[PDB]
Amino acid sequence: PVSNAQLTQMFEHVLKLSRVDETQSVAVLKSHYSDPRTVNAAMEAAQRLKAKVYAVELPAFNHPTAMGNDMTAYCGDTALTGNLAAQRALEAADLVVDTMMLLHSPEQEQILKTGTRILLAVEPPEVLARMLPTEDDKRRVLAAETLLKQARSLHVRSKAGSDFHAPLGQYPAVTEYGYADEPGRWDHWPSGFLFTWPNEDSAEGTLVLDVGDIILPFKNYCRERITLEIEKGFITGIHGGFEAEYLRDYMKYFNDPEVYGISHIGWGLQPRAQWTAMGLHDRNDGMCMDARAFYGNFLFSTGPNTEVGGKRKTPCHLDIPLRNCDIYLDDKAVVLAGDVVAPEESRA
Amino acid sequence: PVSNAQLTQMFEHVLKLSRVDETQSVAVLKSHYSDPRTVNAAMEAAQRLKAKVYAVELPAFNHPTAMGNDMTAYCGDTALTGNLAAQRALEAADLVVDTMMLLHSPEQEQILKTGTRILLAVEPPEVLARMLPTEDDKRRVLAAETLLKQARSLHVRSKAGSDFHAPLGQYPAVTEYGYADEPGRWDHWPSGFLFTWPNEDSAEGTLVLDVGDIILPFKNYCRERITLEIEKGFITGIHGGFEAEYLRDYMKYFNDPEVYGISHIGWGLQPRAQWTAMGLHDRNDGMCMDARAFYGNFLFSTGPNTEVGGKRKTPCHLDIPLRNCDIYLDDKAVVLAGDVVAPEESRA
Amino acid sequence: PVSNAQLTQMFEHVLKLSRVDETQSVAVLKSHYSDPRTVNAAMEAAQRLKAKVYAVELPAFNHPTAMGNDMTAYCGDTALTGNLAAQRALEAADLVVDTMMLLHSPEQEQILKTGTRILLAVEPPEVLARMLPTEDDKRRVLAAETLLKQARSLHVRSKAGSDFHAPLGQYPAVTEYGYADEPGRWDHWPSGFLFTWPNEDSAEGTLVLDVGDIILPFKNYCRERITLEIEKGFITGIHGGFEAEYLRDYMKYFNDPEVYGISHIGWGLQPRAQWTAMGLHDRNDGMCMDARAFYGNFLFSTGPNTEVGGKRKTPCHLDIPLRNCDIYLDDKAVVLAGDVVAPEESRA
Amino acid sequence: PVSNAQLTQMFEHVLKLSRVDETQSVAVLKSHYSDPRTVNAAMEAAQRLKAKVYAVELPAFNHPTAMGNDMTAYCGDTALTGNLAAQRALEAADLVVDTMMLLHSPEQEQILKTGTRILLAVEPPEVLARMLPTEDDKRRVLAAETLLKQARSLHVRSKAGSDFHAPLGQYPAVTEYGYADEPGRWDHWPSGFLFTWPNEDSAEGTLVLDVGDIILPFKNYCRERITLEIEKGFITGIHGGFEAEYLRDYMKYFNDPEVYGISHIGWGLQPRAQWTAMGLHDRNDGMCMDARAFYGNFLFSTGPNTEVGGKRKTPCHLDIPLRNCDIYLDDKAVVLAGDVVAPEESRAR
Amino acid sequence: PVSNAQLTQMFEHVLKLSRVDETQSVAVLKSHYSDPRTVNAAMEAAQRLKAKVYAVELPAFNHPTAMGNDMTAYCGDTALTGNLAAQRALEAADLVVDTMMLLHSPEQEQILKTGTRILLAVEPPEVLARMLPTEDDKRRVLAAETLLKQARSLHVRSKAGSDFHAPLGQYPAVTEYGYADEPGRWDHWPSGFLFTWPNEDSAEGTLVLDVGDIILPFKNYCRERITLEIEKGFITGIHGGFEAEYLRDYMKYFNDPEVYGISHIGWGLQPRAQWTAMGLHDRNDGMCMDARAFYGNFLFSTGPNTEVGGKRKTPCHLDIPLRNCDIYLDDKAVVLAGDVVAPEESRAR
Ligand SMILES: O=CNC(=O)/C=C\C(=O)O
Ligand SMILES: O=c1ccc(O)c[nH]1
Ligand SMILES: O=c1ccc(O)c[nH]1
Ligand SMILES: O=c1ccc(O)c[nH]1
Ligand SMILES: O=c1ccc(O)c[nH]1
Ligand SMILES: [Fe+2]
Ligand SMILES: [Fe+2]
Ligand SMILES: [Fe+2]
Ligand SMILES: [Fe+2]
Ligand SMILES: [Fe+2]
């Protein structure tokens, strides 16, 4: 496990990668459920780098109908919603260390547009240490980004039955290499992957959750297959065993046709993340960035797409990584059978 | 997540429904494992309502042979057993906020018998908020009770194979609608369901735990069927695959034929509880009232029934909700395929 | 300093002297400002003696006009006042361990009349260990009690100028030897002294606070003399230097003529208490029982006397110990120049 | 649940069984993640027995590549590694109460070399109370150890297809009955089982994880079978469904051929431990000693054998209990269909 | 006030001055009443210097007759007395950071004999920060130590009537400049002064506490004079007003003639310490090192001298600094009217 001294040093390293120095101000954003050791490590590491640092503490916001403790489960209002003064307090800093989770929200976007940069850090310290960020991680992720920005379509095939097509072009590419060095940009320690969004109303075909594939935030390995039929960018059919019924029931409950929209799509580039890690954690440990980021996955998602100006506000949100896939950009394979093949500069 | 401010206002709403005001005295009962945020919110809310308040702290009572941390799993003595002073400290109050989980005990019943009312509150704050009690919930549960109090039999059928008969009349009905407003009433925030007990040595037939059904306190969705054969009020056969072998081994561990007796039987009326919720929580989060209360389930139980004057004091205790059941009071259905149909007033 | 393990053992010893065993119930009374180490040691010691134990926690009560943090300085309402349910909660126990201080109030007396016995314990752990009670302290105090109950006058002379007469007989004797063994009786760990009250409207003469004598709760050694003139049981004159002006100003603040009434009078029998100890403590450490109890002092008091049925409810309260005094009961000296001389079996 | 007073009373009873009195010194070893109630209970109990007590606190050690929170996951370096002054601090004690877990590390065997005994105590208080150690547990475990010490081979069969042979002799027998009474010896509260290691490069055959069998630290009940093929002391093949693919992926992650070596083998003698208990716990509660100790299991293990002077220091370490087994010492059965049958004096009432 | 981050940075500075690096081991010694921010800062600073760090925690030791909370009140018995294993755990370290205070105990000198160095650090963080140790401080204190080493007698005089003579030679000179760099040596952060002990049974004359002079641990500025008459190394008379009566009462309470023995004597060399500081603190804040260290004071002491192998075990211990003195070594002044005049290189800038 990670001692307090090492946790502070880890934040020193990541904050320097994020260009924190004498001239920079740092706001550490927290609520009552924020890990106090990570808050303190971020405060002290910032002071050691001679930055001007303060904590902003917000009362927790609660969604009555949200279930479970995973913060990615209900994407709606946040503790910043309605509180313009607290938003101004964060916008006054060069960098925000977010230990309470704001991603996917319009207030985060307004803060980024002021040139403030944001580093989400909410996973447990030992996970933080296993995927401590590197410049080489950034360089590999950025090589993939060069390819993705030029692509006009993404395709996924798997021997389990995936056969999924998504025209591209309308939306930008987003990268996560684990530190917030550029102004006006968000990132998440830990990470190491990239994605974009399909053209409006255009994604089509079949995505098959094989035995062993994962739904977040359920955090289960599927023991029976789930087949998703997708037409015009929306899930229109969910078929299979018990997991299919559970998933159908869960999506039903939000009583909103927007929950079935396909949102972001991409592939993983983090070899220090592990498909097996989720089985070694309890559900309340965190959001399981291992499942999102592991090398050579195909990651897709459902629900809201307003963070790039899509139509859907809906709060129901799922992240679903697939193993053993082929991922093509136009006619070029970037992943073959779950292994990263292109571009060469992105492989580990 | 729920803020301290929100948690205190929630208790103000529930204590007010429970008729706490300046004429009343409130004891907040706790032990070392009680959630200090909930304790504090209850102390604070009671004072805001202008009641006189005090906390009573009991040493934790340990059952050597109980396994796991769920308090509903082993019903033996409690911290109140042989502690008449502590019991009178609770009887001095008009209402007890129970944050330590006094099992249904003879001492609990003698406290209720003096007119003191008891409100159980132990589920996590976010769960308390999702199922915040309402007067409408009480109306709908009372309408159902009216029909249950007159039934001479209850019957349960399912496509999966349940075919279960329970003569009634010997034992009363009991409701749980989330607050303790009448003298001598015990209730549980969150809840929203009702139940009774079969006449002695009388229940007959078959109860099938289908794929997706739940055993508490195991807190798993069954992946293979379990068939329970019942004769003269007792499980006599437990048949199936791994889950059944697990169940057989658990019940034999107590080395007591009383564990196989069917205890309470009833159905759920809480549309804000969710069959899917259990899979979003870890086991030590709480007892999963979502599983017990969700709208239209059939809930039956095994083990002790001394709380209604039955013969069985055994500690081993299971709560088992079933989906997709038809439930009949005499020859009228109250639930059809997991949906509440009667009384109309009880529906959501 | 005192470790946690030693503090529990000390409570074991004093609770045994207090006749706590498996037949006894113990209530540990606390509020937010109670020393948590002493609370826990009391709870754990009572559980080790196999008693039935619980804690009762009351919201703190605030006297708006009270100055400073000494709980003996404003004797009025307590947190028990108007909380009859919490009073019953305490009356249900055989012994109350008071860690929040109730002395001088009617609720404590009604608790004692039920047969409940009360042990105050609020001094620091190190002070509690320096004056750990013994049976031999009890025996010495009771020997002095036998003499005091027969006396019908008390007289004090000092070379510094005291010349004070108090007729006795109207009011009983009170002892404090450090543990609560007899039913319906209060005591204070630590102590070891005894007192009575003068006949109403009868105490007369002069009491001189010499250089080095003490006023509680001020907790100063006088550096200039204060002369108190007493006529018909009341101070009618306060003369001297800065300490006299300070004392005059402080008593006048309560705007109540009852503050000048002489209340309890007696002498100290604790040789493990020290007149020098006060100068080694900060004011918020405790109430300085060393100054009240030290061997051979004369201790008098002002203010309320309704704890024995006198006329005065007033909250202003002072405890003043004098050194080097001669103390006579009728014509026989029990203290000569600050040394205990009679009875012999009370000397140490 | 267990109150502070009872937890202190439990440590008094266990430390007394561990021969702690006024002549003994006790070191309570801890790090930041140690359960503070258990730390405090041991300190206080040792003081009430009038032993000379002190705590030793080490900064936590993190292995970058380790995953999840189970103490047995990464068995490599520890917070003691390279800290020889801290090691000597522990060696000064007669008994160390270990609340951070040094087992499977070289420094532990060196501390035991000096005559210090060590009691591991890391499971939740309620689990500690369910399996509060007893002298009769020690008597039954030692009767089993007699036979194990006399054996030249161990064999396992099961109806699911286990057919496994291990020559014995090279390595000693290790017992765990829950308290550390003898000098220079380690034990674990709770326990109640015994094991040894096979001769180097010699274990052979097949071990089948049947439905319901368990892999630690995964802490799952197998829902489909896994077949382990063993040759010359090493797993050479892992076959089955998803559980097998998960296991293969986990073991290859460490990129070290030594993770496939068979380590300790033995059987369970603790009837107060329960095969069903794991299902009532979350993963972070503890290491699940119920699964290791329950009466009549066959327990084998993979990876490191350095603690008895073996070849392998690898970090990846798995504990796998099997139900329903027949377990033989040479030609004589000690367990049949998961029930302890011999010696008679080892059986529970 | 001092933030957590700054407090860790101070311990980095002081531990480096104390020669802590990757080759060294550091034991942080504490009890329940140790300041936990200081404990944490020391542990963390030692780790960031890549020292091998551990904490050693002892159960607090209470002397029944001890009064008040000052750590110097009842000297002699410590939480270490009779705990040989804990003492060894401390001797395994190169440097002990002492946050519970062992000075004036026999165990401390034994630990130092093994080569372990000890740094006491118990004052509040703000006091630590105001007198953060420096190399120039060490330079000035050693300049003064050179003179004290060659002296055959110390004499004190003051207009208030001090006239005190102490033959020297039998005991060594002890220095305190704020950090523990040399092995086998103890120091105190904060400090900056030096002292020795008079030859056995030889101190003679009078010491007068003037108005404004201080008794520790009473922590009061004298408002009336106290006259101490001294013969053959022992106070034989204590005369004056209320302060004198309080002092006589306190010293006789211990019922032990050894409390009147004169112990260490010396002068203050720390200009960042302040005679006025004590009046801005409460009695439980700390031991008031300002009053012991301030520049030009004369500091003498009563009671124990066992820590340099003397006859006296007694627990009652008093620190008394005097202002406005002339202090002589043989016939040469080192302080005149409370200002430091020699050696020149020991004076403040
Ligand atoms: O009593 C009905 N059920 C509940 O509300 C929950 C737990 C329990 O006491 O059994
Ligand atoms: O890194 C992340 C984390 C959460 C999320 O929803 C997307 N990307
Ligand atoms: O022990 C005591 C304490 C306070 C007091 O006023 C009298 N006696
Ligand atoms: O008690 C234990 C615990 C872990 C292990 O590997 C063996 N024995
Ligand atoms: O630093 C100190 C403190 C106390 C003392 O007696 C000597 N030196
Ligand atoms: Fe997503
Ligand atoms: Fe039930
Ligand atoms: Fe009084
Ligand atoms: Fe193993
Ligand atoms: Fe001294």
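Reading the values: the criteria
As presented, residues are numbered from 1 along each chain according to the written sequence, a scheme that may differ from that of the entry, and residues lacking coordinates are left out. Lettering for chains starts from A, numbering for ligands starts from 1, and both go in the order in which the items are written. Every figure given here refers to the displayed chains, which form just one part of a larger assembly. Excluded from the side-chain calculation are hydrogens and water; included are all heavy atoms of the structure. UniProt positions are given in the numbering used here, feature names are shortened, and annotations may be inferred rather than shown by experiment. Comment: elements are numbered from the N terminus, with helices defined as DSSP H or I runs of at least four residues and strands as E runs of at least two. The globule rule used for comparison is 2.2 Å times the number of residues to the exponent 0.38, while the radius of gyration itself is calculated over C-alpha atoms. Here the term buried applies to any residue with accessible area under 20% of the maximum for its type, exposed to any over 50%, and partly exposed to those in between, with areas from a 1.4 Å probe on protein chains only. Between two residues, a contact is recorded if the distance between any of their heavy atoms is within 4.5 Å. The accessible surface values rely on the Shrake-Rupley method and a 1.4 Å probe; as for residues, cover is taken only from the protein chains in view. We define buried area as the total accessible area lost by two parts upon association, computed with a 1.4 Å probe and summed across both. The term salt bridge refers to a side-chain nitrogen of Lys or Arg lying within 4 Å of a carboxyl oxygen of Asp or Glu. For the purposes of these results, a polar contact is taken to be a pair of N or O atoms within 3.5 Å, where, inside protein, one atom must be able to donate a hydrogen and its partner to accept one; residues adjacent in sequence count only when each atom of the pair is a side-chain atom. In this count, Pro and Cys sit with the nonpolar residues alongside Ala, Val, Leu, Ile, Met, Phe, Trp and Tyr, while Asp, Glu, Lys and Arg are called charged and the others, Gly among them, polar. Coordinating donors are taken to be N, O and S atoms lying within 2.8 Å of the metal, or within 3.2 Å when the metal is Na, K or Ca; because water is excluded from the atom set, some sites may appear incomplete. Any coordination sphere not matching a tetrahedral pattern (four donors, all angles between 85 and 135 degrees) or a square planar or octahedral pattern (four or six donors, opposite donors over 155 degrees apart, other angles between 65 and 115) is reported as irregular. Being near a molecule or strand, for a residue, means having at least one of its heavy atoms within 4 Å of it. Taking the helix axis as origin, the arc is that swept by the directions to the C-beta atoms. At least two DSSP bridges between two strands are required for those strands to pair. Interaxial angles span 0 to 180 degrees and are taken between N-to-C directions of axes, which are lines fitted to C-alpha atoms, for helices over the stretch in contact.

Method information in the entry identifies X-ray crystallography as the source of the structure, with 2.2000 Å recorded as the resolution.

Taking the PDB entry as the reference, chain D is identified by name as 2,5-dihydroxypyridine 5,6-dioxygenase belonging to Pseudomonas putida KT2440. As recorded by UniProt, the Function comment attached to chain D reads in full: "Catalyzes the dioxygenolytic ring cleavage of 2,5-dihydroxypyridine between carbons 5 and 6 generating N-formylmaleamate in the aerobic nicotinate degradation pathway." Under the UniProt heading Cofactor, the note attached to chain D is "Fe(2+)".

Going by what the PDB entry lists, chain A is known as 2,5-dihydroxypyridine 5,6-dioxygenase and is assigned to Pseudomonas putida KT2440.

With that out of the way, let us pick up the overall build of chain D. Of regular secondary structure, chain D possesses 8 helices and 20 strands. For 349 residues, the compact-globule estimate of 2.2 N^0.38 gives 20 Å, and chain D sits close to it at 19 Å. Each of the three principal axes of chain D carries a C-alpha extent, and together these read 55 × 45 × 40 Å. In chain D, which comprises 349 residues, the proportion classed as buried is 66%. Within chain D, contacts between residues at least 6 apart in sequence are counted, and of these 71% link residues at least 24 apart. Counting every atom, chain D has about 11,400 Å² of accessible surface; 49% of that belongs to carbon and sulfur.

Turning our attention to the interface of chain D and chain B. On the chain B side, the residues contacting the 23 residues of chain D number 27 residues. For the pair chain D and chain B, the summed buried surface comes to about 2,200 Å²; carbon and sulfur atoms form 53% of the total. Together, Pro1(D), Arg223(D) and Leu280(D) form the three largest contributors to the area buried by chain D at its contact with chain B, with a combined 32%. At the junction of chain D and chain B, the tally comes to 3 salt bridges. Two residues, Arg223(D) and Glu243(B), come together in a salt bridge whose shortest N-O distance is 3.0 Å. Counting every contact that joins chain D to chain B gives 11 residue pairs in polar contact. Of the residues assigned to the side of chain D that touches chain B, the class counts are 9 nonpolar, 7 polar and 7 charged.

Applying the stated criterion across every chain, the model contains 104 salt bridges over all chains. Here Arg48(A) and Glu44(A) are joined by a salt bridge, their closest N and O atoms 3.3 Å apart. Residue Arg48(A) and its partner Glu44(A) are located together in helix α2 (residues 36-48), separated by 4 residues, close to a single helical turn. Neither residue differs from the other here; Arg48(A) and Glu44(A) are each classed as buried. A salt bridge links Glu243(E) to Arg223(C); the nearest nitrogen and oxygen atoms lie 2.9 Å apart.

Next up on the list: the coordination of the iron ion (ligand 7). Ideal geometry at a metal gives 109.5 degrees between four tetrahedral donors and either 90 or 180 degrees between six octahedral ones. All names here are of chain B. Around the iron ion (ligand 7), the protein contributes the donor atoms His264 (NE2), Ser301 (OG), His317 (NE2) and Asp319 (OD), at 2.3 to 2.4 Å from the metal centre. Given 4 donor atoms and angles of 71 to 165° at the metal, the environment of the iron ion (ligand 7) is assigned as irregular. For the iron ion (ligand 7), the single-chain donor residues occur in sequence as H-x36-S-x15-H-x1-D. One end of the pair, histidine 264, is in strand β15 (residues 262-268); the other, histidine 317, is in the loop between β16 (298-302) and β17 (318-322), with 53 residues separating them in the sequence.

Residues and elements named next belong to chain A. Each protein donor to the iron ion (ligand 6) is listed here as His264 (NE2), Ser301 (OG), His317 (NE2) and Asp319 (OD); together their distances run 2.3 to 2.5 Å. For the iron ion (ligand 6), the 4 donor atoms in the first shell make angles of 84 to 158° at the metal, a pattern classed as irregular. Using a relative accessible area of 4% as the deciding quantity, one classes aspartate 319 as buried.

Residue and element names in this part refer to chain D. Following the UniProt record, the feature "binding site: Fe cation" maps to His264, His317 and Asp319 here. The named residues occupy 56 residues along the chain; their greatest pairwise C-alpha distance, 10.8 Å, places them in one compact cluster. Within the secondary structure layout, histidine 264 lies in strand β15 (residues 262-268). Those residues within four positions of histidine 264 in sequence are excluded, and the remaining contacts are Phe195, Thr196, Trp197, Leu299, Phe300, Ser301 and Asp319.

In this section: the site of ligand 5. All names here are of chain E. Residues in contact with ligand 5, as listed here, are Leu103, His104, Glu176, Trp186, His188, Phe193, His264, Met289, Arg292, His317 and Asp319. For ligand 5, an oxygen atom lies 2.7 Å from a polar atom in the side chain of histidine 104. With respect to ligand 5, the side chain of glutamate 176 contributes an N or O atom lying 2.5 Å from an oxygen atom. Breaking the shell around ligand 5 down by element, the ones donating at least two residues are β8 (186-188) and α8 (289-293).

Turning next to helix α4 (residues 106-113) of chain D. Residues and elements named next belong to chain D. Along α4, the residues classified as buried are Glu107, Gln108, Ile111 and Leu112. End-on view of α4: buried residues confined to an arc of 140°, all on one side of the axis. The inward-facing, buried residues of α4 contact α3 (84-91), β4 (117-120) and β8 (186-188). Backbone geometry just downstream of α4 places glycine 115 in the positive-phi region, at approximately 100°.

A few words on the environment of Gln170(D). Residues and elements named next belong to chain D. With respect to the element layout, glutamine 170 can be found in the loop between β6 (163-167) and β7 (174-176). Residue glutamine 170 is classed as partly exposed on the basis of its relative accessible area of 45%. The spatial distance from the C-alpha of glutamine 170 to the C-alpha of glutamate 200 is 7.8 Å, given a sequence separation of 30 residues. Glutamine 170 has contacts with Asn199 and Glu200, leaving out every residue within four places of it along the chain.

The subject of this paragraph is the interface of chain C and chain E. Contacts between chain C and chain E engage 23 residues on the former and 25 residues on the latter. For the pair chain C and chain E, the summed buried area comes to about 2,200 Å², and 52% of that belongs to carbon and sulfur atoms. Ranking the residues of chain C by area buried against chain E places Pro1(C), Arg223(C) and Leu280(C) at the top, with a combined share of 31%. The tally of links from chain C across to chain E stands at 3 salt bridges. For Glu245(E), the salt bridge goes to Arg323(C), with nearest N and O atoms at 2.6 Å. At the boundary of chain C and chain E, one finds 10 residue pairs in polar contact. For the side of chain C that touches chain E, the leading source of residues is helix α5 (residues 125-130) of chain C, giving 3 residues. Tallied by class, the residues present in the side of chain C that touches chain E amount to 9 nonpolar, 7 polar and 7 charged.

Moving on to the site of ligand 2. Residue and element names in this part refer to chain A. Taken together, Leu103, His104, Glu176, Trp186, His188, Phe193, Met289, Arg292, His317 and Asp319 make up the full set of residues adjacent to ligand 2. Side-chain polar atom of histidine 104 to an oxygen atom of ligand 2: 3.2 Å apart, as the coordinates give it. When the free accessible area of ligand 2 is taken as 240 Å², the share hidden by the protein chains comes to 99%. The set of elements that each furnish at least two residues to the shell around ligand 2 consists of β8 (186-188) and α8 (289-293). Here the residues of the shell around ligand 2 sort into 4 nonpolar, 3 polar and 3 charged.

Hydrogen bonding along the main chain pairs the strands of a sheet, whether they run parallel or antiparallel. All names here are of chain A. An order of β7-β9-β15-β16-β17 is seen for the 5 strands of this open sheet, with the pairing classed as antiparallel. Each edge of the sheet is formed by a strand with only one pairing partner; in this case those strands are β7 (174-176) and β17 (318-322). Strand-to-strand twist of the sheet, defined as the mean angle between neighbouring strand axes without regard to direction, takes the value 20°. Here strand β16 (residues 298-302) runs beside β17; their pairing, made up of 5 bridges, is antiparallel. Within β17, the residue paired with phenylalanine 298 across the bridge is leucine 322. Sitting on the sheet, helix α6 (residues 135-150) is in contact with β7, β9 (193-196) and β15 (262-268), with an inclination near 20° to β9.

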